[PDB]
Amino acid sequence: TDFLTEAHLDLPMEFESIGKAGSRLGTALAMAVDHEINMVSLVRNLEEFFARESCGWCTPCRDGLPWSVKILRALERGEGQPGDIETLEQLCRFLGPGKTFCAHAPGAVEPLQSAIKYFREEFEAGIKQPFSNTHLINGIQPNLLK
Amino acid sequence: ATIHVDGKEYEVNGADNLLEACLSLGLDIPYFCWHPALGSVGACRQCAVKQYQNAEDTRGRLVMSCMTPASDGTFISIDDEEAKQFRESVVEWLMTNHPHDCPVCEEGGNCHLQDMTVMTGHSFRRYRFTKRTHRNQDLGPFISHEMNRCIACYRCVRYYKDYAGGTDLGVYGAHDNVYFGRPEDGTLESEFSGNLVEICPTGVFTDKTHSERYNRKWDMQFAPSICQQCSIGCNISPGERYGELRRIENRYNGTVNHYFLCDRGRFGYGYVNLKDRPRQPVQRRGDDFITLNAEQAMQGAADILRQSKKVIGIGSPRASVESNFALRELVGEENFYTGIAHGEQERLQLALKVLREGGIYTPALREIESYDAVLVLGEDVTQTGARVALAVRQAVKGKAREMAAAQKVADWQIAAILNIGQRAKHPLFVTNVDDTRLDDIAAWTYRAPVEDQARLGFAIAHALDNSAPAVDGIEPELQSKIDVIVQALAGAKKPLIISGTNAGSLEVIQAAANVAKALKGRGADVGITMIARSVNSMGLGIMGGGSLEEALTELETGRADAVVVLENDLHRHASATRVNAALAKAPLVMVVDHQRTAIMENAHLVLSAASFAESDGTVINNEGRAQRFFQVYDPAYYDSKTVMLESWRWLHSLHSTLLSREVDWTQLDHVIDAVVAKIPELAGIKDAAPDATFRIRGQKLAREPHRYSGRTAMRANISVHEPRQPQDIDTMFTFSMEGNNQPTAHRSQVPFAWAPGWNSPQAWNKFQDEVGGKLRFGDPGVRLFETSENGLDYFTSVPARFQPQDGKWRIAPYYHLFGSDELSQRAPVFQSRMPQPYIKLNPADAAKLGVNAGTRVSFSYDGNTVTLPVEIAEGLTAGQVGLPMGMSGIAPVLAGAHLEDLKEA
Amino acid sequence: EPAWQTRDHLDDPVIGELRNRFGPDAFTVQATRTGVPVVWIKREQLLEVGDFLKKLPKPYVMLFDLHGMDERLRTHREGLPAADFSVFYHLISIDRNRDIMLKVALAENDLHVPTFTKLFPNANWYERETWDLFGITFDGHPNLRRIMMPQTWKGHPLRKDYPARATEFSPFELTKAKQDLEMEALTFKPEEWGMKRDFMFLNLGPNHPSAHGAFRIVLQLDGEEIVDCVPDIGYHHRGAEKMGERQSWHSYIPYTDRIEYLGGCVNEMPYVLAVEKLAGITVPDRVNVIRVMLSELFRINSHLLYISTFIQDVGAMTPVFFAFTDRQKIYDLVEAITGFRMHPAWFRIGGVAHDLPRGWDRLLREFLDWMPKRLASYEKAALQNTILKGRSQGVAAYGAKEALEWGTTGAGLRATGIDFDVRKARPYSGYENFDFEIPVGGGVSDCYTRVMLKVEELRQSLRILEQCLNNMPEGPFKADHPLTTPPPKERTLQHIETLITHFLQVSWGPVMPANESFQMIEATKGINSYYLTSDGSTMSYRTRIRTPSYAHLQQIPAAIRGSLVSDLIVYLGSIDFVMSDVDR
Ligand code: SF4
Ligand code: SF4
Ligand code: SF4
Ligand code: SF4
Ligand code: FES
Ligand SMILES: [Ca+2]
């Protein structure tokens, strides 16, 4: 289920009330996160669970939850690179209902998109390195894309 | 139904899903996990389109087109930006773990994953992390395993398990460590494991035999040919390079063998590349082997034939219709002998009489999958006609298909079909001398001698129709099982009776004909199938002639002093001692053959004939369909001293030089017209393929792809001057790229499938009118005979029970897919796959002889004491001894033959 | 809307004029990426449509192109009229700065069109070539004879059912053709050659001791005066368009190099721009600047060759040595950049093969310092010589009307005073970002006027090189399109998606979606254009190459008639043609 802030604490625990807030009522067993917990680490643990509990049937969950896991691991260690949060948002919008075979992957990406929506400064603080996908090959001039 | 794709109206079939409907219209949707034969499971999520509720809808929703029915008035969009971005993202997610392997991967240039990576327009990698790896397994001598290249599309497991009925391949592991293979290293047990190399869209399962002498797909020279390894007649595309046959790909025939071969056809092509094949005519002069060219060999052969007083010709079921006819014309109709035994020829003629005179429609191989009950009598189809066993498996799963259709579940939603049809299946009753490979799905298996199987068939025919002759001496529990078979067959809308000549019994074929007649008399839509032995067995039976025994007596009595043996080793159809004596007594033996046989030691002349890869011709398959196979390559292109001609070309030039003292290297269409004029029963083979004047808008049909490479360097080590392009006067194909292979060309013979953007075997979708259907403008091949209006009579010759007599031993045939076909045995890759020859014994009989499992016993037949190690066969009936047919020394004429002096060595 | 987008051009005023004159059902408008209105006209209305376009208020005065197409194997002909064959007519209105293609459909059996020679006199050779390569008869043509193949040739090579590869060589055919060449002078009939009527007959060729090729001219002479002359061409026919139907989109670039062999990258440019139109590729600015650099360097190379050849034809022998030293300097820079001298094959679909090597600006600066003093020396030593002026001025002059009616482009058309350069009128490859003038003549196209216009074009190309050296963008040398062929090499060598794209693009070929494109450029000798038809495959369905040397050689008899033979030699030297460009 999606994370909610303290402003949403004055909301009735009904399906339709939490639905319009941008979350799900779910099992109605709420879990509270204090200020001491880094949200990047918490969502990394959540995504590690959701990526190791994939059944491997369908491509977006099976091959996109580990990509988000590795991105969140890089953000945890400060090794994030530009385009990582954009990749997380693309994963969130491309693992929704209908895109994947079952509902495990939308429920996987709901806390990720909620944490990006409400706590983007914690995710932006993990990007410290410039983007580097290629290493220089001697004798070959690279295509310096702008 | 009516759909609207990207604002354009289309009329489709409402029973199909959206992906196959759009691929049938020429639209390009990327896809991985869907197959036209396997159904839709919606795993890979590659086929995503955007569906709208109505015409005035803007938002839409992403749906999987393989799982979306093509209902009437369905509005979708393929080129929607969101759908394109999602398909690119799916390809990118597949590409995150893919190995940097394309240069050193055997699927390069033939890869569906490459085609769909390019088709989505995804060429920039923004993934910087590590990629998962996997160890590889050893899958045997045929399939090479490379698990890193997998995209987890689940096609292999769905095909091998849900379609092929195999058990040893599966999916293991979890979330992103899914593994596809066997639980341990070992050979893939299925007889149809070779189709994994075309089912797998990546390089995980590859042809190891091709991977030895690997070349890329653009470098192959292809031809549309017919597989020569049994009588089914599956359409194949042999591809060659550098003068040797490199690969056998499946060629799509929507009426016969649509997407699938068997492993004998796919991998038993290695005999073509053997270095001991005859490549020049060789004449014996004392102890000298003089190599001749074509002209002087023809002159000397015709002179020696002219001095002879009577020349006889021994044909073969391996040779084509044209070559057998050319031998028949050379030696005369009364002197022509079919090179098979008298019992084999009698069974073949009876099977042909049942097929073209019994009044019962004989289905094609594709049409077998629509029957509601199957009775296989005495024929081990998995070892002799394997694709018929695959089609029988499909017909068996037809009951689950019908149960799912009763619940309004679409036919492409395969998972729901298998869920509804848990273990309910159509009735299958197989009879054999032992257990068959269809026993896992058979409703009942009858392990009995051939007489007892025939008596079971006659009892089934009598219980279905009381006009049929009755059987006396049926046990009450056998009678109960017969009654079970009778109520299963009588309640079937489309019953199918399969038999064949491999059982070695005439009475089995007679009983199958009686069952089919009894079902026909009740008003059922009964079909009958007869499995022959060799590729042109039905053609040789239609041509007719004497048996091999008559030719042997003609040689022994001295009435014939010249014998011409065409593509026959003569040891698989008669005893070796008698054949050797008759050939040593004959003052002239001329063997026209393409394989080094044992009878060329005493042959005066050996004509280096061409195999199927180097020749054109026509073959009649087990259902009486004439099919034209085309030459793949010219053998004289790389080795200019190679004189290797068609067998009909050799024999026609020999006839011309015998008559007018002048050679005549004729054309194929002339021999075809001669067959049509002389033999009216083979008049349909004119329409099997168009003649050599056939053009597509004035140009011929290309044998090699457009990007065929190295044309000024493959022969540069011999000479820097480029040789002349080999001219093809026999057929409409050319030995070059200068031709047509367009998927919209008005033709039925397609050498290989390639469309731009579709380099994989998925280009056959572009070559069909609808995917998974027929070839556009019809499938190649024409049925020779129609169904007769009136059928035969009931065969009253009911055999007695099998009596185990002391001293005698009835030989039960044990056919093997790798080892019973002669040319397939000659293939070096089959030597590892083929098993050690085990003589099969009952536990009671082995206890009577005191021999255990593995000890060697020696038996004598025709004065030949040979030794074999014993394997215990519990399903065998006492008084019988099991022999592996076609193997080293065990000719297939031993089926039903008695045996003497079975003693421990 | 990018420049490569498929347009129908229904907003062109010529479409409205044609609708108002002939009715809305008289023709079919085809949407293409050619950049021009493509209009399928019925065959019986072709002559009146051409006359109506010739009599417009701002008329279509030039027949730019005329050729056939075999459409029997074309599968994606949606929205097109039924045609086994077709004939297209490309017409240019200079006053409108517009152009229109007219297409006539033809059935397989009825392969005859009315001749266009009455409306446009330069249609003669185009119709001869279309008959030669397609078997399309032109009714009313004066001498419809073969122009590329010999007269004793069977079949039409550009048809789809004609085998492209070389036939097996035979000494019998060589001996027969040698005997035919020997008895050609003995049994010469001046009726099959299109001629009529003390009238000497002479053959100039076939071998010619010059650098523009080897071709034969049959001269009819009254003493020294030339009464009539027809050229025998096709001696240098390499079948380049048929090879366009046989190579992939990527592997055909070296063949585009050898169309005219003094141009190199200038010849590569229209082909790669047309393929990028088919691919939907908008190349970045650095690609445009690099391609302009190489085109201008090769333009200077070709112009130096042309000026040297003209001076040597006049009779001075030293400036060819000096300008070949200058050509060596240019070749040093080109060898450093591309790796080759005269056929670099360096342009790619989406960019160039490599980046510029580190240090190229030093060689460019050295050449830019070397060139102008040498050019001034050439002028003062040979081009201001009064003997050269007497040999050149007033020799084979024509006005703007003769240049327009014969399709003459390049320095001759601008020497007639018509300011029509492709780099300014219809800009391509970012030529709008360079400041350069277009030299024009006074209204009369002499040999001398053409040579001095080429000198001024050389100076303007030096100016372009100066601006490009002072202002060089930093960026990619290839576009970021999925159809950029090949992809950048380092990403190919370490990324699997790029490796897959590279694998399929170099082996099977890049898949161009089914469309028609066209690119016209100002080459070194005139206007060079590529017209490309893709049937959705990895090969070109049709590759039509319009070259200016063909039009200039067809203009040869209309300008040298009544002159001497030395004047003919000077006119040949001042045309700036090569025979490979004529025959291709
Ligand atoms: S989304 Fe569901 S079906 Fe798809 S792989 Fe994940 S757990 Fe399996
Ligand atoms: S399976 Fe296909 S994409 Fe993968 S390495 Fe092989 S050719 Fe390349
Ligand atoms: S091994 Fe091949 S067929 Fe099987 S899931 Fe992987 S990619 Fe698909
Ligand atoms: S079933 Fe018979 S014809 Fe078909 S591939 Fe196998 S051996 Fe060949
Ligand atoms: S093809 Fe439809 S999801 Fe795989
Ligand atoms: Ca042949």
# chains A, B, ... in the order shown; residues from 1 in each chain; ligands from 1

$ residues_near_ligand --ligand "ligand 6" --cutoff "6 Å" --atoms "only C-alpha atoms and all ligand atoms" --output "MDAnalysis selection string"
chainID B and resid 615:616 631 728 730

$ residues_near_ligand --ligand "ligand 1" --cutoff "8 Å" --atoms "only C-alpha atoms and all ligand atoms" --output "count of residues only"
19

$ residues_near_ligand --ligand "ligand 5" --cutoff "7 Å" --atoms "only C-alpha atoms and all ligand atoms" --output "MDAnalysis selection string"
chainID B and resid 31:34 40:48 64:67

$ write_last_selection --atoms "N, CA and C atoms" --output "mmCIF file, in the first residue's frame"
data_model
loop_
_atom_site.group_PDB
_atom_site.id
_atom_site.type_symbol
_atom_site.label_atom_id
_atom_site.label_comp_id
_atom_site.auth_asym_id
_atom_site.auth_seq_id
_atom_site.Cartn_x
_atom_site.Cartn_y
_atom_site.Cartn_z
ATOM 1 N N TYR B 31 6.217 -9.776 -30.166
ATOM 2 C CA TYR B 31 5.698 -10.804 -29.275
ATOM 3 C C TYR B 31 6.796 -11.814 -28.992
ATOM 4 N N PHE B 32 6.770 -12.383 -27.788
ATOM 5 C CA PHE B 32 7.683 -13.469 -27.450
ATOM 6 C C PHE B 32 6.962 -14.734 -27.009
ATOM 7 N N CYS B 33 6.075 -14.657 -26.021
ATOM 8 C CA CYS B 33 5.589 -15.862 -25.363
ATOM 9 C C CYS B 33 4.476 -16.568 -26.126
ATOM 10 N N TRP B 34 3.864 -15.920 -27.110
ATOM 11 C CA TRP B 34 2.796 -16.527 -27.889
ATOM 12 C C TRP B 34 3.369 -17.307 -29.062
ATOM 13 N N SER B 40 -1.927 -18.820 -26.101
ATOM 14 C CA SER B 40 -1.550 -17.591 -25.419
ATOM 15 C C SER B 40 -1.555 -17.803 -23.912
ATOM 16 N N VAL B 41 -0.541 -17.261 -23.242
ATOM 17 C CA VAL B 41 -0.442 -17.373 -21.792
ATOM 18 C C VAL B 41 -0.181 -16.008 -21.171
ATOM 19 N N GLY B 42 0.174 -15.030 -21.996
ATOM 20 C CA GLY B 42 0.360 -13.668 -21.526
ATOM 21 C C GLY B 42 1.532 -13.441 -20.596
ATOM 22 N N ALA B 43 2.651 -14.127 -20.825
ATOM 23 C CA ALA B 43 3.790 -14.011 -19.921
ATOM 24 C C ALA B 43 4.679 -12.819 -20.272
ATOM 25 N N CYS B 44 5.203 -12.778 -21.497
ATOM 26 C CA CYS B 44 6.277 -11.844 -21.823
ATOM 27 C C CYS B 44 5.837 -10.383 -21.844
ATOM 28 N N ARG B 45 4.533 -10.110 -21.956
ATOM 29 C CA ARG B 45 3.959 -8.753 -21.966
ATOM 30 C C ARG B 45 4.508 -7.890 -23.101
ATOM 31 N N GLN B 46 4.925 -8.519 -24.197
ATOM 32 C CA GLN B 46 5.500 -7.814 -25.333
ATOM 33 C C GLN B 46 4.456 -7.363 -26.346
ATOM 34 N N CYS B 47 3.291 -8.006 -26.382
ATOM 35 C CA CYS B 47 2.294 -7.770 -27.418
ATOM 36 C C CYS B 47 1.305 -6.671 -27.056
ATOM 37 N N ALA B 48 1.707 -5.718 -26.220
ATOM 38 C CA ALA B 48 0.769 -4.747 -25.674
ATOM 39 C C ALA B 48 0.295 -3.767 -26.737
ATOM 40 N N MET B 64 -2.845 -6.933 -23.407
ATOM 41 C CA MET B 64 -2.063 -7.898 -24.164
ATOM 42 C C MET B 64 -2.909 -8.384 -25.328
ATOM 43 N N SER B 65 -2.416 -8.183 -26.549
ATOM 44 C CA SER B 65 -3.200 -8.543 -27.721
ATOM 45 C C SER B 65 -3.298 -10.050 -27.892
ATOM 46 N N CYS B 66 -2.321 -10.802 -27.384
ATOM 47 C CA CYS B 66 -2.413 -12.254 -27.455
ATOM 48 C C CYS B 66 -3.499 -12.791 -26.536
ATOM 49 N N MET B 67 -3.822 -12.070 -25.467
ATOM 50 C CA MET B 67 -4.862 -12.481 -24.538
ATOM 51 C C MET B 67 -6.170 -11.728 -24.729
#

$ residues_near_ligand --ligand "ligand 3" --cutoff "8 Å" --atoms "only C-alpha atoms and all ligand atoms" --output "PyMOL selection string"
chain B and resi 32-33+147+149-157+179-181+196+199-205

$ write_last_selection --atoms "N, CA and C atoms" --output "PDB file, in the first residue's frame"
ATOM      1  N   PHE B  32       6.770 -12.383 -27.788  1.00  0.00           N
ATOM      2  CA  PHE B  32       7.683 -13.469 -27.450  1.00  0.00           C
ATOM      3  C   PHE B  32       6.962 -14.734 -27.009  1.00  0.00           C
ATOM      4  N   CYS B  33       6.075 -14.657 -26.021  1.00  0.00           N
ATOM      5  CA  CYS B  33       5.589 -15.862 -25.363  1.00  0.00           C
ATOM      6  C   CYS B  33       4.476 -16.568 -26.126  1.00  0.00           C
ATOM      7  N   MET B 147      21.902 -21.016 -21.060  1.00  0.00           N
ATOM      8  CA  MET B 147      20.838 -20.468 -20.233  1.00  0.00           C
ATOM      9  C   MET B 147      20.944 -18.962 -20.027  1.00  0.00           C
ATOM     10  N   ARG B 149      21.118 -16.678 -22.271  1.00  0.00           N
ATOM     11  CA  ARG B 149      20.378 -15.977 -23.306  1.00  0.00           C
ATOM     12  C   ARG B 149      18.871 -16.022 -23.110  1.00  0.00           C
ATOM     13  N   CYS B 150      18.386 -16.644 -22.042  1.00  0.00           N
ATOM     14  CA  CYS B 150      16.957 -16.823 -21.857  1.00  0.00           C
ATOM     15  C   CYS B 150      16.273 -15.522 -21.470  1.00  0.00           C
ATOM     16  N   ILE B 151      15.037 -15.371 -21.936  1.00  0.00           N
ATOM     17  CA  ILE B 151      14.205 -14.223 -21.622  1.00  0.00           C
ATOM     18  C   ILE B 151      12.979 -14.620 -20.817  1.00  0.00           C
ATOM     19  N   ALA B 152      12.906 -15.888 -20.392  1.00  0.00           N
ATOM     20  CA  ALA B 152      11.811 -16.437 -19.590  1.00  0.00           C
ATOM     21  C   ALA B 152      10.460 -16.235 -20.274  1.00  0.00           C
ATOM     22  N   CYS B 153      10.382 -16.670 -21.525  1.00  0.00           N
ATOM     23  CA  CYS B 153       9.153 -16.591 -22.295  1.00  0.00           C
ATOM     24  C   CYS B 153       8.302 -17.848 -22.190  1.00  0.00           C
ATOM     25  N   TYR B 154       8.828 -18.909 -21.575  1.00  0.00           N
ATOM     26  CA  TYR B 154       8.124 -20.153 -21.257  1.00  0.00           C
ATOM     27  C   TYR B 154       7.639 -20.908 -22.490  1.00  0.00           C
ATOM     28  N   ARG B 155       8.187 -20.629 -23.675  1.00  0.00           N
ATOM     29  CA  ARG B 155       7.759 -21.369 -24.858  1.00  0.00           C
ATOM     30  C   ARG B 155       8.256 -22.804 -24.822  1.00  0.00           C
ATOM     31  N   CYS B 156       9.476 -23.012 -24.327  1.00  0.00           N
ATOM     32  CA  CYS B 156      10.072 -24.342 -24.319  1.00  0.00           C
ATOM     33  C   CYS B 156       9.280 -25.296 -23.442  1.00  0.00           C
ATOM     34  N   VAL B 157       8.928 -24.856 -22.234  1.00  0.00           N
ATOM     35  CA  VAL B 157       8.227 -25.735 -21.311  1.00  0.00           C
ATOM     36  C   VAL B 157       6.817 -26.008 -21.808  1.00  0.00           C
ATOM     37  N   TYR B 179      15.015 -21.071 -14.294  1.00  0.00           N
ATOM     38  CA  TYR B 179      15.865 -21.940 -15.088  1.00  0.00           C
ATOM     39  C   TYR B 179      14.988 -22.844 -15.934  1.00  0.00           C
ATOM     40  N   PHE B 180      15.387 -23.068 -17.177  1.00  0.00           N
ATOM     41  CA  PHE B 180      14.630 -23.907 -18.097  1.00  0.00           C
ATOM     42  C   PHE B 180      15.552 -25.019 -18.567  1.00  0.00           C
ATOM     43  N   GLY B 181      15.233 -26.252 -18.197  1.00  0.00           N
ATOM     44  CA  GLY B 181      16.077 -27.364 -18.589  1.00  0.00           C
ATOM     45  C   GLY B 181      15.637 -28.646 -17.920  1.00  0.00           C
ATOM     46  N   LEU B 196      12.710 -27.470 -30.294  1.00  0.00           N
ATOM     47  CA  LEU B 196      13.059 -26.415 -29.350  1.00  0.00           C
ATOM     48  C   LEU B 196      13.953 -25.359 -29.982  1.00  0.00           C
ATOM     49  N   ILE B 199      11.367 -23.236 -31.528  1.00  0.00           N
ATOM     50  CA  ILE B 199      10.422 -22.730 -30.543  1.00  0.00           C
ATOM     51  C   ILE B 199      11.067 -21.639 -29.695  1.00  0.00           C
ATOM     52  N   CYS B 200      12.310 -21.847 -29.270  1.00  0.00           N
ATOM     53  CA  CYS B 200      13.005 -20.866 -28.443  1.00  0.00           C
ATOM     54  C   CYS B 200      13.322 -19.623 -29.260  1.00  0.00           C
ATOM     55  N   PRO B 201      12.862 -18.441 -28.844  1.00  0.00           N
ATOM     56  CA  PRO B 201      13.130 -17.218 -29.605  1.00  0.00           C
ATOM     57  C   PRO B 201      14.535 -16.672 -29.427  1.00  0.00           C
ATOM     58  N   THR B 202      15.352 -17.292 -28.588  1.00  0.00           N
ATOM     59  CA  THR B 202      16.709 -16.860 -28.295  1.00  0.00           C
ATOM     60  C   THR B 202      17.670 -18.015 -28.569  1.00  0.00           C
ATOM     61  N   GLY B 203      18.907 -17.859 -28.113  1.00  0.00           N
ATOM     62  CA  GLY B 203      19.944 -18.839 -28.354  1.00  0.00           C
ATOM     63  C   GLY B 203      20.157 -19.856 -27.255  1.00  0.00           C
ATOM     64  N   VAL B 204      19.129 -20.118 -26.447  1.00  0.00           N
ATOM     65  CA  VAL B 204      19.273 -21.085 -25.363  1.00  0.00           C
ATOM     66  C   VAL B 204      19.375 -22.496 -25.916  1.00  0.00           C
ATOM     67  N   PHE B 205      18.405 -22.896 -26.720  1.00  0.00           N
ATOM     68  CA  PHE B 205      18.406 -24.208 -27.350  1.00  0.00           C
ATOM     69  C   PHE B 205      18.875 -24.029 -28.784  1.00  0.00           C
TER      70      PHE B 205
END

$ closest_atom_pairs --of "chain B" --to "ligand 4" --cutoff "8 Å" --atoms "only C-alpha atoms and all ligand atoms" --output "CSV"
residue,atom,partner,partner_atom_place_in_ligand_line,distance
B:226,CA,ligand 4,3 (S),7.4
B:227,CA,ligand 4,8 (Fe),4.6
B:228,CA,ligand 4,8 (Fe),6.0
B:229,CA,ligand 4,7 (S),4.2
B:230,CA,ligand 4,2 (Fe),4.1
B:231,CA,ligand 4,3 (S),5.7
B:232,CA,ligand 4,3 (S),4.3
B:233,CA,ligand 4,3 (S),4.2
B:234,CA,ligand 4,4 (Fe),4.3
B:235,CA,ligand 4,4 (Fe),7.7
B:236,CA,ligand 4,5 (S),7.9
B:257,CA,ligand 4,4 (Fe),7.2
B:260,CA,ligand 4,5 (S),7.9
B:261,CA,ligand 4,5 (S),4.3
B:262,CA,ligand 4,6 (Fe),4.1
B:263,CA,ligand 4,6 (Fe),6.3
B:264,CA,ligand 4,7 (S),4.9
B:265,CA,ligand 4,5 (S),3.6
B:266,CA,ligand 4,5 (S),6.1
B:384,CA,ligand 4,2 (Fe),7.2
B:385,CA,ligand 4,1 (S),5.0
B:386,CA,ligand 4,1 (S),4.7
B:387,CA,ligand 4,1 (S),4.4
B:388,CA,ligand 4,1 (S),7.1
B:535,CA,ligand 4,3 (S),7.2
B:817,CA,ligand 4,7 (S),7.8

$ residues_near_ligand --ligand "ligand 2" --cutoff "12 Å" --atoms "only C-alpha atoms and all ligand atoms" --output "PyMOL selection string"
(chain B and resi 91-92+94-118+145-151+197-198+200-206+216-217+759-760) or (chain C and resi 495-504)

$ closest_atom_pairs --of "chain C" --to "chain A" --cutoff "8 Å" --atoms "only C-alpha atoms" --output "JSON lines"
{"residue": "C:354", "atom": "CA", "partner": "A:141", "partner_atom": "CA", "distance": 7.2}
{"residue": "C:355", "atom": "CA", "partner": "A:141", "partner_atom": "CA", "distance": 6.2}
{"residue": "C:475", "atom": "CA", "partner": "A:144", "partner_atom": "CA", "distance": 5.5}
{"residue": "C:476", "atom": "CA", "partner": "A:144", "partner_atom": "CA", "distance": 4.7}
{"residue": "C:477", "atom": "CA", "partner": "A:143", "partner_atom": "CA", "distance": 6.1}
{"residue": "C:478", "atom": "CA", "partner": "A:143", "partner_atom": "CA", "distance": 6.7}
{"residue": "C:480", "atom": "CA", "partner": "A:145", "partner_atom": "CA", "distance": 7.9}
{"residue": "C:488", "atom": "CA", "partner": "A:143", "partner_atom": "CA", "distance": 6.2}
{"residue": "C:489", "atom": "CA", "partner": "A:140", "partner_atom": "CA", "distance": 7.1}
{"residue": "C:490", "atom": "CA", "partner": "A:142", "partner_atom": "CA", "distance": 6.2}
{"residue": "C:491", "atom": "CA", "partner": "A:134", "partner_atom": "CA", "distance": 7.0}
{"residue": "C:494", "atom": "CA", "partner": "A:134", "partner_atom": "CA", "distance": 7.0}

$ write_last_selection --atoms "N, CA and C atoms" --output "short mmCIF file (atom, residue, chain, number, x, y, z; two decimals), in the first residue's frame"
data_model
loop_
_atom_site.label_atom_id
_atom_site.label_comp_id
_atom_site.auth_asym_id
_atom_site.auth_seq_id
_atom_site.Cartn_x
_atom_site.Cartn_y
_atom_site.Cartn_z
N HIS C 354 33.35 8.08 -38.41
CA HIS C 354 34.14 8.35 -37.22
C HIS C 354 34.00 9.81 -36.83
N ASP C 355 34.55 10.15 -35.68
CA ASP C 355 34.70 11.54 -35.32
C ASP C 355 35.90 12.14 -36.06
N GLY C 475 29.84 18.16 -30.38
CA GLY C 475 28.69 17.31 -30.24
C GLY C 475 28.90 15.94 -30.84
N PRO C 476 27.80 15.24 -31.14
CA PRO C 476 27.91 13.90 -31.70
C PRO C 476 28.15 13.91 -33.21
N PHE C 477 28.89 12.91 -33.67
CA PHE C 477 29.10 12.71 -35.10
C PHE C 477 28.09 11.74 -35.70
N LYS C 478 27.18 11.20 -34.90
CA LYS C 478 26.09 10.37 -35.39
C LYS C 478 24.81 10.78 -34.68
N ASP C 480 21.11 10.05 -32.87
CA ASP C 480 20.66 9.13 -31.83
C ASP C 480 19.40 8.37 -32.23
N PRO C 488 27.07 3.96 -32.87
CA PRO C 488 28.41 4.32 -32.39
C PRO C 488 29.18 3.10 -31.88
N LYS C 489 30.47 3.08 -32.19
CA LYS C 489 31.24 1.84 -32.08
C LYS C 489 31.46 1.42 -30.64
N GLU C 490 31.69 2.38 -29.73
CA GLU C 490 31.97 2.01 -28.35
C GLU C 490 30.73 1.42 -27.66
N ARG C 491 29.55 1.98 -27.95
CA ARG C 491 28.32 1.41 -27.42
C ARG C 491 28.03 0.05 -28.04
N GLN C 494 30.25 -2.42 -26.10
CA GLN C 494 29.97 -2.79 -24.71
C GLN C 494 28.50 -2.79 -24.30
#
